[PDB]
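K.L.:
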Amino acid sequence: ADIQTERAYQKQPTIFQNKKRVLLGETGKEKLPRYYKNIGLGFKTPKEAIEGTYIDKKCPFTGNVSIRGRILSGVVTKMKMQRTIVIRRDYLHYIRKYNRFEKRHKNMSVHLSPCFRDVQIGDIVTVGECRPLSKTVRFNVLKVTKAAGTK
Amino acid sequence: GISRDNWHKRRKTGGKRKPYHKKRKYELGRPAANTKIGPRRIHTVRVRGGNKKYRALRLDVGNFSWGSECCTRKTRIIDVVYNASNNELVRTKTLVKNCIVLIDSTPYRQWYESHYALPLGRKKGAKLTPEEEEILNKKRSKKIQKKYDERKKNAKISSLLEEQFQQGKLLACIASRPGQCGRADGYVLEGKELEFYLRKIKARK
Amino acid sequence: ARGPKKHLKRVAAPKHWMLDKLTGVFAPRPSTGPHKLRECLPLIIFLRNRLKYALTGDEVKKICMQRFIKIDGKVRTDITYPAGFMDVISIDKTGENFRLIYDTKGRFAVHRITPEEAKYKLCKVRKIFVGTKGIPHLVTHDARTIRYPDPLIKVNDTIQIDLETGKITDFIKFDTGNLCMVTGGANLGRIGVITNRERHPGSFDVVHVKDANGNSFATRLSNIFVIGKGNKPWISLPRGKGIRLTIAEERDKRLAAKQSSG
Amino acid sequence: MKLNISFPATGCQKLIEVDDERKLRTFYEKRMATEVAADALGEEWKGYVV
RNA sequence: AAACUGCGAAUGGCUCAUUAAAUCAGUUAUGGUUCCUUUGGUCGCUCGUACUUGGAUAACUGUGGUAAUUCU
RNA sequence: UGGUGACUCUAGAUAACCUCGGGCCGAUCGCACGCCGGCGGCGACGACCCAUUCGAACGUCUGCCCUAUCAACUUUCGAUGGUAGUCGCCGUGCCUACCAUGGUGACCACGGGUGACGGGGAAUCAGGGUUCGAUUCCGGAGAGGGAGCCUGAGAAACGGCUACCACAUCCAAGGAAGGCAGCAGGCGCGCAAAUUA
RNA sequence: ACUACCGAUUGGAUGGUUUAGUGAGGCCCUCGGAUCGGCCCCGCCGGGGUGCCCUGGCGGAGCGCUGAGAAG
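Protein chains in written order, with PDB author numbering: chain L, 2 to 152; chain I, 2 to 206; chain E, 2 to 263; chain G, 1 to 50.
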């Protein structure tokens, strides 16, 4: 069913899947109600989260996290983990003895919700700070924009 | 003792780090509560801040819910059949959170017959004590028989719940965490969750 | 540390207490109470350093535990009891009443008030919540909980409350054009009318305030205490009226005062 | 070995030194609060149990 | 006086061995937690011998043990 | 109902549960005594919960000296991520089970060193810098070395306890007691530092 | 005669990473049950509603029912 790929039954804790309904409603349509919310800072909840079917407890829009604290950006560099990506933040650090700059970088592991598809290497991602979700992830993807050179 | 600090582990680069302080009492871990089925034996724990944790070591009775119709009853745990974390805990009959349990179904059948007045989990022979014809086949008034008619208009439940009542023991999921609560509360499995757990149990064999 | 602290070093004390360096190594260390440690004036500093009835801390204790000092109408014998903004101090033996409000330099002025003005005080509403059985509560800036407030009273509004009973008697909204006093930050002690509140979601709001002399200054929303409705304050103000003079006009005023007398 | 004998009804007590192993075999290999008839302790202790 | 009970002894004082994104500083978060105390609120909101309940244990009295202890 | 920028918030309703190692709903103490046996004013002490105060504890972003005669490291023994739980005051590979093979690195990882506790700060001073900051304020760490607990709101406490390691005190030889990187003081060390007031 | 290096002796001791094994002491769990108390039974027995019952103090046995509980 492309949903129950685990050894426990995956469901959204807030929605109830065992409502007692009539035969006409049974023959009408078999669509579950879906829990979603807004990451309310001028961030639009995507349609793939509202109309989707996936289950992710660490998703900003459908899971159990809240976005509070910093909001940063990065470029996607690696996408080889399961529901998390590794992004890169480049910056310039000012050495004031020389009055010059050196280029520095920080690698950041962020949680990518399944509602963001067609995320490529090099696309600009906007992440927001949440509570600790694993040992090394603290930020959660909220927006994706493509690279300006790509059509 | 058991320490659940983050500084004993390695760094994100994989290098090892030196501790700058020794183990603190706010970083402690306690030995696990392997709650089992048996007559009630629970131990209270003093925790951080002078508050109380209840550590259940032997439990046999909880309360469980039909959520389709919002009715819960205090009943008995009978057996452990599935655990998504470890099958060794099924073999040891360990009560944890989200372990699949089968429980006694007598209060639920009792409420269903005292409310909807239809037989539940009954054989073709249907030999009943006279209290059951008193409950199922009482004498009522016009308003009451009418209200019962629109009550049995929708009093049809799933065939799988019928099959489990035919068997006599209901499947449920323990939703409380018993080593911290001293209770093994939960909810009766229904719907796609019920077919999931049935096919996983059958796929174990 | 292994637990909470009980001592305050004198150089680490709040600077607006105006303690000196050589009297001791310790400062009076305010008790826990309705005010923060950094935003209060303890009773020993008031009775000894400012008001000068006492010469030592032992004399402060002898004054306080003869049951002479009321704070907000309640007799206090804790010598380090944290008194703070808008708190009324009453000495019935000498017939004196005070409100702890700020100078233009950010220090608690010795502000004498009329005994009818000592009947009430103002509080800034810090939270509104509904508790069990649907009962609305407000929490003020001085740790007061009042049940059943007016439904129009919101957070950042100012209640005018009666010290005899403790109930809500009047209130003032947060609105552009109301009079306010600044209780934190670099503009501590200044008074003016609110002219613009800009909102930053997920962050601190910035309120713009205009002085009675036309000077304008901004603060955070946490630092604003609404005092009077529109233009007239609902309490007595100190000798300076919230007008921060620069160092040049303060020198000129000092020289004119020295010239006029002497 | 010495014996600290106490009598609670009149609340009176006394220390008595007895050195003969035959008199102490009535006390050996038994536990605290094990009731013993102290007959072999002396001629005056016939009906006395301790 | 003693002794039981309550509280404090987790503050203060000392030193700089450890410790290299660790500590620490500035900035943010707890919408992810605990909090003696102070202060305010709540404390006939429960439909089910009381004009006062029970057993001890110190201090005290008396007998003691060990070379020795703030032992008993 | 009420709130936030955003709740799975707060409040409401239903069905029940409510731990014997047990959650509240006062068998407590003083002073003045007074009204129509019954009604009472000040307090003190307790008290489940909520808020506040004093914190604490875990996270965010940015920032540190020398070394390549340290160039690949982490990953069986958790390394990086997912799902379910355990433990924990709580978030979390904190731990367990099953999975995926990931995570970091010439923008210097990993390793090693430092005559390295970090800052506020000090000397110099046209300016940039250079050297110093064991040391009275703030934060951390430790109590001979390790480790483990009890009590308590709070400690992995050492002017608390229990072991082992290294030292070491008394003894009738069975046993008992120990921790000055507190104030003085002593020995040692040394070029190097005060009174058992 | 002096200064400064190498050095057989697994020379003797000591420490830090580790392979294998042993492991004090606390904590948790499952037992254990020295001791200590209550109920029931009976005996010595006081009163009433007039031998039915209970009232209070002492003793006796019953692995009867139990509750607290040390060492291990």
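Where a beta carbon is used, it is the ideal one built from N, C-alpha and C, also for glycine.
(1) Tell me the DSSP bridge mates of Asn108 (chain L)?
(2) Alpha helix (DSSP H) containing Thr107 (chain I): first to last residue?
(3) Taking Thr15 (chain L) as the reference, which of L:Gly41, L:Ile96, L:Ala2, L:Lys58 has the closest Cα?
(4) Please state the DSSP three-state secondary structure of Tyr149 (chain I).
(5) By how many angstroms is the C-alpha of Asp73 (chain E) removed from the C-alpha of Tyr82 (chain E)?
(6) For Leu25 (chain L), would you say it is in contact with chain E, using Cβ-to-Cβ distances shorter than 7 angstroms as the test?
(7) Check the C-beta distance from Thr36 (chain I) over to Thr76 (chain I) and give it rounded, since I have them as a contact under 8 angstroms.
(8) Distance, Cα to Cα, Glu199 (chain E) vs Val128 (chain L)?
(9) Tell me where the beta strand (DSSP E) around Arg139 (chain L) begins and ends.
(10) Using 8 angstroms as the Cβ pair cut-off and three pairs as the minimum, do the segment 147 to 156 of chain E and the segment 187 to 197 of chain E touch?
(11) Let me check understanding here. Comparing Cα to Cα, which of E:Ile90, E:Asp79, E:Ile64 lies closest to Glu118 (chain E)?
(12) For chain I, is any of its Cβ atoms less than 7 angstroms away from the one on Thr137 (chain L)?
(13) Starting from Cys181 (chain E), follow its DSSP beta bridges and name the residues at the other end.
(14) What would DSSP say about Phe47 (chain E), mapped onto helix, strand or coil?
(15) What residues of chain E sit near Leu42 (chain L), judged by a beta carbon separation below 8 angstroms?
(16) Relative to the C-alpha of residue 1 (chain L), which residue among L:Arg101, L:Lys30, L:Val76, L:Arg84 is closest?
(17) Taking only beta-carbon positions, decide if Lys21 (chain L) is within less than 7 angstroms of chain I.
(18) As a quick exercise: from I:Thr14, I:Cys100, I:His9, pick the residue whose alpha carbon is nearest that of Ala176 (chain I).
(19) Measuring only between beta-carbons, confirm whether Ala118 (chain I) sits less than 7 angstroms from chain L.
(20) Using a Cβ-Cβ cut-off of less than 8 angstroms, give me the residues of the segment 189 to 204 of chain I that come near chain L, in sequence order.
(21) Going by Cα to Cα distance, which pick from E:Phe27, E:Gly25, E:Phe99, E:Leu42 is closest to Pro239 (chain E)?
(22) What does DSSP give as the partner residues of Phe130 (chain E) in its beta bridges?
(23) Any beta carbon of chain I sitting closer than 7 angstroms to that of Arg8 (chain L)?
(24) So which of E:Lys16, E:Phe86, E:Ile70 has the shortest CA-CA distance to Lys37 (chain E)?
(25) Would you kindly check if the distance between the Cβ of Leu195 (chain I) and the Cβ of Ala156 (chain I) is under 7 angstroms?
(26) With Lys14 (chain G) and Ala40 (chain G) assumed to form a contact (beta carbons below 8 angstroms), what rounded beta-carbon distance in angstroms separates them?
(27) Within 10 angstroms of its Cβ, does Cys71 (chain I) collect 16 or more other Cβ (buried), or is it exposed?
(28) Within 10 angstroms of its Cβ, does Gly203 (chain E) collect 16 or more other Cβ (buried), or is it exposed?
(29) Using the three-state DSSP reduction, which class does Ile244 (chain E) fall into: helix, strand or coil?
(30) Give the interface partners of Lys30 (chain L) over in chain I, defined as CB-CB distance under 9 angstroms, in chain order.
(31) With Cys182 (chain I) as the anchor, note down where its alpha helix (DSSP H) starts and where it stops.
(32) Would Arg127 (chain E) and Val111 (chain E) be called neighbours here (beta carbons separated by less than 7 angstroms)?
(33) Among residues of its own chain, excluding the 5 on either side of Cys174 (chain I), which ones have a beta-carbon nearer than 7 angstroms to its beta-carbon?
(34) Helix, strand or coil for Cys124 (chain E)? Go by DSSP, reduced to three states.
(35) Thinking C-beta only, is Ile43 (chain I) closer than 7 angstroms to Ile79 (chain I)?
P.N.:
Taking the geometry as given:
(1) Bridge partners of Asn108 (chain L): L:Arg89.
(2) 107 to 116
(3) L:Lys58
(4) When DSSP states are grouped into helix, strand and coil, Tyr149 (chain I) belongs to the helix group.
(5) 12 angstroms
(6) At a cut-off of 7 angstroms between beta-carbon atoms, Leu25 (chain L) makes no contact with chain E.
(7) About 17 angstroms; that fails the 8 angstroms criterion.
(8) 25 angstroms
(9) Run containing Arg139 (chain L): 138 to 146, per the beta strand (DSSP E) assignment.
(10) no
(11) E:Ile90
(12) yes
(13) E:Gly193, E:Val227
(14) helix
(15) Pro202, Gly203
(16) One cannot answer for residue 1 (chain L) here, as it falls past the ends of chain L, which runs 2 to 152.
(17) Interface residue, yes.
(18) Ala176 (chain I) has its Cα closest to that of I:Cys100, out of I:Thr14, I:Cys100, I:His9.
(19) no
(20) Using a CB distance below 8 angstroms, the part of the segment 189 to 204 of chain I facing chain L consists of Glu191, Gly192, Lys193, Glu194, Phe197, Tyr198, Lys201, ordered along the chain.
(21) E:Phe99
(22) E:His138
(23) By this cut-off, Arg8 (chain L) is an interface position.
(24) E:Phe86
(25) By the CB criterion at 7 angstroms, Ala156 (chain I) and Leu195 (chain I) fall outside the cutoff.
(26) Contact between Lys14 (chain G) and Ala40 (chain G) fails: their C-beta atoms lie close to 19 angstroms from each other, not under 8 angstroms.
(27) exposed
(28) exposed
(29) coil
(30) Correct list: empty, because the minimum Cβ distance to chain I is about 16 angstroms.
(31) Per DSSP, the unbroken alpha helix (DSSP H) holding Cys182 (chain I) starts and ends at 179 to 182.
(32) no
(33) Cβ neighbours of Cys174 (chain I) beyond the five flanking positions: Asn99, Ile101, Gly187, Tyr188, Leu190.
(34) strand
(35) no
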